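Read the structure below first, then the notes.
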Protein chains: 2
Amino acid sequence: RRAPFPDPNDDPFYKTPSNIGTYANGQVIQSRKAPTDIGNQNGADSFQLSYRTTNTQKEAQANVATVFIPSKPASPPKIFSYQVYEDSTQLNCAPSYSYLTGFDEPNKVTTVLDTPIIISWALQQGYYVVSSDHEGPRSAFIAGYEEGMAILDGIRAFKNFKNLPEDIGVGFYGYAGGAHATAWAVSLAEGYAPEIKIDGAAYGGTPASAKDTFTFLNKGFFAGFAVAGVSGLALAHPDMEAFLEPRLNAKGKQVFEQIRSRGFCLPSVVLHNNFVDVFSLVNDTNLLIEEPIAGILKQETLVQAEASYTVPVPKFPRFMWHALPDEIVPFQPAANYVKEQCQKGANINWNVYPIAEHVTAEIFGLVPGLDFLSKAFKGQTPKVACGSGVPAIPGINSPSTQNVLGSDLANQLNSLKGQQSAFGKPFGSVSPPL
Amino acid sequence: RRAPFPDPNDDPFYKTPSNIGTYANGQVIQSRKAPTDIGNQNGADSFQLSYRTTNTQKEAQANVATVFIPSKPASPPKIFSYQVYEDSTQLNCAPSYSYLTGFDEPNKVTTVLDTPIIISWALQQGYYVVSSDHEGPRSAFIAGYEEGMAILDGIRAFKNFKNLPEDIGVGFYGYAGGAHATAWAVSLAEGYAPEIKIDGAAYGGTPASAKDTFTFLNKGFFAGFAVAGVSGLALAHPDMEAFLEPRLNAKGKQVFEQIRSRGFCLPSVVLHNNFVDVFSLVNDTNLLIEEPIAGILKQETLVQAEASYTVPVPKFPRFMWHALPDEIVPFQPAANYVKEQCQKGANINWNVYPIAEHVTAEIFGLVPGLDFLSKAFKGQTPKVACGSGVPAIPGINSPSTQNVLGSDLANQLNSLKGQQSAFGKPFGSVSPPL
Ligand SMILES: *[C@@H]1O[C@H](CO)[C@@H](O[C@@H]2O[C@H](CO)[C@@H](O)[C@H](O)[C@H]2NC(C)=O)[C@H](O)[C@H]1NC(C)=O
Ligand SMILES: *[C@@H]1O[C@H](CO)[C@@H](O[C@@H]2O[C@H](CO)[C@@H](O)[C@H](O)[C@H]2NC(C)=O)[C@H](O)[C@H]1NC(C)=O
Ligand SMILES: CCCCCCCCCCCCCCCC(=O)O
Ligand SMILES: CCCCCCCCCCCCCCCC(=O)O
């Protein structure tokens with residue numbers, strides 16, 4: 001069975017009406033039921049929402065998000081916002097289209113692997129689920145402001161549409177390209193959507209800096225992502241599009257046309273431009289140094305050491321993970337982001353997998369991150385030193401005192417509780433406070 | 001019942017013979033059985049060993065260590081070196097004396113609280129136990145070279161005395177002042193005792209920098225430790241003793257006399273000089289700036305950013321912990337040490353307790369650290385990114401996939417193993433490699 005809906009390029013549902021400027025951010029333009037594999041597998045209604053959002057230039061535009069409605073909602077109610085690693089600069093790769101039933105949707109890989117297990121879990125807990133087309137109508141992959149505002153306005157639209165309490169607690173999940181959009185949504189939340197109440201966010205494989213991810217990727221096997229990211233920023237930064245187009249050589253012109261063309265989604269992106277140099281595509285090898293790109297890159301980062309703006313520092317419980325030898329998305333800018341955030345007051349539970357890559361870490365931290373989000377929805381995330389994980393605690397995340405010490409010495413140790421230590425302050429228990 | 005042995009000050013066993021220069025480092029000068037509470041409680045023989053070591057000026061001197069001999073040794077055999085937080089600059093506070101039976105030993109608090117539970121565990125696993133008088137005959141508290149060489153030569157003496165295989169695996173434990181001596185022993189091991197085979201070390205509450213610990217402590221409730229540390233360095237640095245003595249005022253002269261006097265051990269040290277300023281004791285407020293102390297402090301640190309020498313970087317499995325709000329021993333120099341070591345190739349499993357103090361963290365990380373040392377003796381310490389702990393892993397240190405996801409979604413997730421991810425590389429399992 002083929003997609004139940006027209007190609008988004010051919011569907012007026014995705015067009016931005018001329019009166020768009022008169023809708024408020026988050027206001028619903030229209031809605032429609034949407035046949036989705038996930039909605040079917042959980043007996044949950046699914047819908048598409050057209051709604052107004054704001055692009056990088058601060059101009060109104062219309063966008064689509066997908067909402068799943070759990071059969072038995074949890075009380076009090078929660079919204080779970082799942083961010084897809086769309087990783088494409090073509091409109092028919094969007095999450096909404098890829099959630100539909102059928103077999104031929106070109107980016108279906110981004111919604112049928114771990115995505116359904118993750119969105120199912122949230123629905124089986126009673127959470128309301130939104131997943132926006134975070135790249136927006138301009139398909140602007142890794143454009144942080146574009147993704148951020150679109151995700152948050154997607155949540156406002158979910159709240160407007162199902163008339164949910166203005167203070168419903170929201171939680172975010174995303175990996176890889178989904179983690180970039182997630183990271184920017186929570187970064188922008190305070191400044192752009194202060195009325196959204198965020199209980200928690202779990203994200204991993206995070207591209208913290210657009211510039212550092214480009215350098216890490218260029219000339220490598222996954223250089224096709226560097227092409228994709230250049231295409232995406234240019235679609236959200238028309239001054240960079242204007243700077244790039246006259247610099248594209250004969251080959252470069254055809255490369256970007258291919259990466260913006262219908263059906264060229266994530267599976268295509270990683271099967272093309274392997275080992276290519278983006279600089280080979282353009283006459284200028286000085287593009288990173290010259291304006292406007294040099295300034296844009298200073299905007300398109302969350303690392304304060306590179307940013308030309310004061311980076312926001314979200315305070316709610318956060319859970320982040322990353323493969324140390326990640327071969328697609330570099331570990332160190334994510335580590336630098338975590339450190340910076342922590343020195344300014346963040347609550348980041350940081351999880352570094354030593355023997356992992358981008359793909360294996362996508363699963364490794366999946367279950368802990370959802371567990372963490374379940375606790376965040378209950379206001380019960382564990383206490384951690386920011387930028388670390390929970391330390392070793394007998395009976396909780398490491399062997400019991402009995403298992404390690406045996407019964408006698410475990411009773412001796414237990415009975416030091418309350419007795420004077422050599423430092424004149426009393427001993428505590430083997431377990432830190434819960 | 002009073003101590004079975006004379007006061008160390010009155011016992012020729014502790015004196016350094018005139019022929020000391022003809023003994024090699026680690027060579028046993030003499031031995032004797034020693035009645036110890038710990039040795040009694042485990043049915044294990046205990047002995048004292050007199051043995052040659054090297055002081056900070058590179059001069060031979062004699063020292064005492066205490067060895068416990070498990071009834072049924074483990075095979076292959078291991079040595080467990082336990083470092084005591086003696087925290088005194090008086091000879092009758094030494095660990096050896098405090099291990100003896102009786103009630104009046106003045107530093108007995110340093111050997112009857114967690115110390116017996118820790119040394120018992122090692123004996124019940126079949127490990128050979130040494131605990132040196134790491135401060136040496138000059139009672140030089142937090143003098144790192146003095147403590148390091150004394151601990152390692154104590155191990156050589158244990159090996160010489162019980163004729164143990166030259167490649168017996170050694171493991172180290174220590175907290176607080178014990179962690180400082182431990183930290184310096186492993187730092188010096190390669191350069192000074194390359195023939196010692198180290199399987200692992202677990203230490204916490206570590207004073208990394210003598211200078212930073214002084215500043216952190218001075219004028220606070222525990223300023224008495226700052227007095228003690230000044231006394232200890234001066235006892236291992238005679239040029240600093242010569243600089244200090246003519247600067248001691250009428251009060252200062254009596255303060256240091258009290259802190260060097262018989263029976264003035266850890267319980268006294270924390271009951272005296274509360275809120276005192278060390279600068280008030282001396283005419284000169286410029287002592288940290290002036291020589292020789294300024295240079296000595298640059299030697300008496302493990303933080304490369306302060307050191308005037310290339311700090312060693314041990315490579316064997318290490319486990320370190322620290323209370324983030326530690327009020328006696330500052331967290332940040334220990335964190336800086338860990339970071340520096342990690343950037344140069346260390347294997348440090350780093351554990352930061354967020355809701356803890358110096359005393360509570362003394363227990364919190366006790367059981368994990370001994371567990372870690374059991375694994376290190378088996379060559380089975382877990383893999384960690386250096387400077388972090390093991391990240392969250394379902395079924396191992398966090399809830400099971402079944403517990404978090406339920407049975408269905410846990411089977412869906414499990415069955416992604418081996419299937420292509422959206423990135424064209426296959427998925428792995430929920431559990432990282434063991
Ligand atoms: C590569 O092509 C670009 C695209 O035109 C060239 O850009 C122009 O350079 C001239 C001379 O410096 C300027 O007056 C124009 O304004 C530029 N046009 C722009 C901004 O697109 C460029 O000279 C060529 N060479 C390199 C290495 O960049
Ligand atoms: C405090 O007492 C010290 C101890 O003597 C004084 O030190 C001497 O200072 C003179 C003049 O600078 C030198 O010639 C001597 O060599 C110093 N003796 C030493 C090194 O102990 C010192 O002047 C006094 N004042 C301060 C603030 O330190
Ligand atoms: C000339 C360069 C200017 C702009 C370069 C910015 C490109 C950023 C790099 C692309 C991001 C790819 C992220 C990987 C996708 C994923 O892991 O999901
Ligand atoms: C004028 C100052 C020069 C030398 C100052 C060095 C003093 C170092 C500080 C003392 C260390 C105390 C460590 C705490 C003991 C423990 O926690 O076990």
Side-chain angles (χ1 to χ4, degrees), chain A residues 113-114 117-118 175-176 179 202 204-206 221-222 319-332 334-335 349-372 388-392 396-399 403, chain B residues 199-200 315-319 342 345-351 368 371-405 409-434:
Chain A
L113 299 182
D114 51 350
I117 298 168
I118 294 167
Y175 192 79
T206 311
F221 179 84
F222 291 100
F319 180 98
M320 305 175 55
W321 73 104
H322 212 107
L324 176 60
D326 196 307
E327 82 284 35
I328 303 173
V329 174
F331 165 88
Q332 194 59 240
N349 182 333
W350 182 224
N351 293 262
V352 181
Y353 292 87
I355 318 290
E357 278 180 317
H358 202 68
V359 166
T360 43
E362 172 176 12
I363 303 304
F364 285 163
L366 186 158
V367 166
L370 294 184
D371 177 65
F372 172 96
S388 315
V390 175
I396 282 161
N397 69 23
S398 69
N403 283 351
Chain B
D199 296 345
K315 311 300 184 212
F316 55 86
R318 283 192 276 175
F319 180 98
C342 286
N347 180 13
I348 302 179
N349 182 333
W350 182 224
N351 293 262
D371 177 65
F372 172 96
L373 281 182
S374 170
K375 278 143 194 193
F377 281 136
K378 290 149 204 194
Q380 282 163 16
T381 57
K383 191 103 190 43
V384 286
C386 188
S388 315
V390 175
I393 298 159
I396 282 161
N397 69 23
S398 69
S400 74
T401 310
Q402 297 264 325
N403 283 351
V404 177
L405 294 185
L409 302 173
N411 277 324
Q412 307 190 29
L413 180 65
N414 279 331
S415 72
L416 293 170
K417 198 196 201 179
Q419 288 179 244
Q420 280 315 324
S421 67
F423 304 84
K425 280 161 112 153
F427 286 118
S429 77
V430 58
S431 286
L434 293 173

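Hydrogens, waters and symmetry mates are skipped; everything else that's a heavy atom, side chains included, is used. Chain identifiers are assigned alphabetically (A, B, ...) following the order of the sequence lines, protein sequences preceding nucleic acid strands; residue numbering begins at 1 within each chain.
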Using a 3.5 Å cut-off and no angle test, enumerate the donor-acceptor pairs between side-chain atoms of residues 358-370 of chain A and protein atoms at least two apart in sequence or in another chain.
| residue | atom | partner | partner atom | Å |
| --- | --- | --- | --- | --- |
| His358(A) | ND1 | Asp326(A) | OD1 | 3.0 |
| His358(A) | ND1 | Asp326(A) | OD2 | 2.6 |
| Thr360(A) | OG1 | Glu357(A) | N | 2.7 |
| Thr360(A) | OG1 | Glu357(A) | O | 3.3 |
| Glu362(A) | OE2 | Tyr85(A) | OH | 3.1 |

Donor-acceptor contacts, no H, no angles, side chain residues 419-434 of chain B, under 3.5 Å, sequence neighbours left out:
| residue | atom | partner | partner atom | Å |
| --- | --- | --- | --- | --- |
| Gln420(B) | OE1 | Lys425(B) | N | 3.4 |
| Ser421(B) | OG | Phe423(B) | N | 3.3 |
| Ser421(B) | OG | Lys425(B) | O | 2.5 |
| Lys425(B) | NZ | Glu327(A) | OE2 | 2.8 |
| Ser429(B) | OG | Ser431(B) | N | 3.3 |
| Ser429(B) | OG | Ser431(B) | O | 2.7 |

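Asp114(A) pairs by the salt bridge (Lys or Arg N to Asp or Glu O under 4.0 Å) definition with nothing, not counting sequence neighbours. Partners of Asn397(A) according to the side-chain hydrogen bond (donor to acceptor under 3.5 Å, both in side chains) rule, which considers only residues two or more places apart in sequence or in another chain, do not exist here. Applying the side-chain contact (heavy atoms from CB on, under 4.5 Å) criterion to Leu409(B), with sequence neighbours excluded, gives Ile117(A), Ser120(A), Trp121(A), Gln124(A), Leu405(B), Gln412(B). Listed by chain and residue number, nothing satisfies the side-chain hydrogen bond (donor to acceptor under 3.5 Å, both in side chains) test with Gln332(A) (two or more places apart in sequence, or in another chain). Taking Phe372(A) as the reference, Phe319(A) meet the ring pair (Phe, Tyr, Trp, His ring centres under 6.0 Å) condition, with sequence neighbours excluded. In terms of the side-chain contact (heavy atoms from CB on, under 4.5 Å) criterion, residue partners of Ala346(B) (sequence neighbours excluded) are, by chain and number, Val313(B), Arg318(B), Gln341(B), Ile348(B), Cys386(B).
Environment of NZ in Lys417(B): sparse, with no more than 12 heavy atoms of neighbouring residues, nucleotides or ligands closer than 6.0 Å.
The two residues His322(A) and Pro330(A) make their nearest non-hydrogen contact at NE2-O, 3.6 Å. Contact between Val384(B) and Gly389(B) at its shortest, heavy atoms only, is CG1-C, 3.6 Å. Taking every heavy atom of both residues into account, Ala392(A) and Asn351(B) meet most closely at N-OD1, 3.4 Å. Residues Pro399(B) and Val404(B) come closest through the heavy atom pair CB-CG2, 3.6 Å. Between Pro354(A) and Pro391(B) the shortest heavy-atom distance is CD-CG, 4.3 Å. Taking both residues in full, the closest heavy atoms of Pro394(B) and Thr401(B) are given as CB-OG1, 3.7 Å, listed atom of the first, atom of the second, then distance.
Proximity of a side-chain donor or acceptor of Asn349(B) to a complementary backbone N or O of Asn347(B) within less than 3.5 Å is not detected. The closest donor-acceptor contact from the side chain of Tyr353(A) to the backbone of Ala385(B) lies at 3.5 Å or more, if one exists at all.
Among pairs with a residue in residues 375-393 of chain B, those fulfilling side chain to side chain donor-acceptor pair (under 3.5 Å) read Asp371(B)-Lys375(B), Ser374(B)-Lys378(B), at least two apart in sequence or across chains. Pairs of residues two or more places apart, or lying in two chains, never qualify as salt bridge (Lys or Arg N to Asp or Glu O under 4.0 Å) while including a residue from residues 385-401 of chain B. Sorted by first and then second residue, the salt bridge (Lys or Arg N to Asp or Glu O under 4.0 Å) pairs with a member in residues 385-402 of chain B form an empty list; sequence neighbours excluded.
Rounding to the nearest 0.5 Å gives a distance of 6.0 Å between CG of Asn411(B) and CD of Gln402(B).
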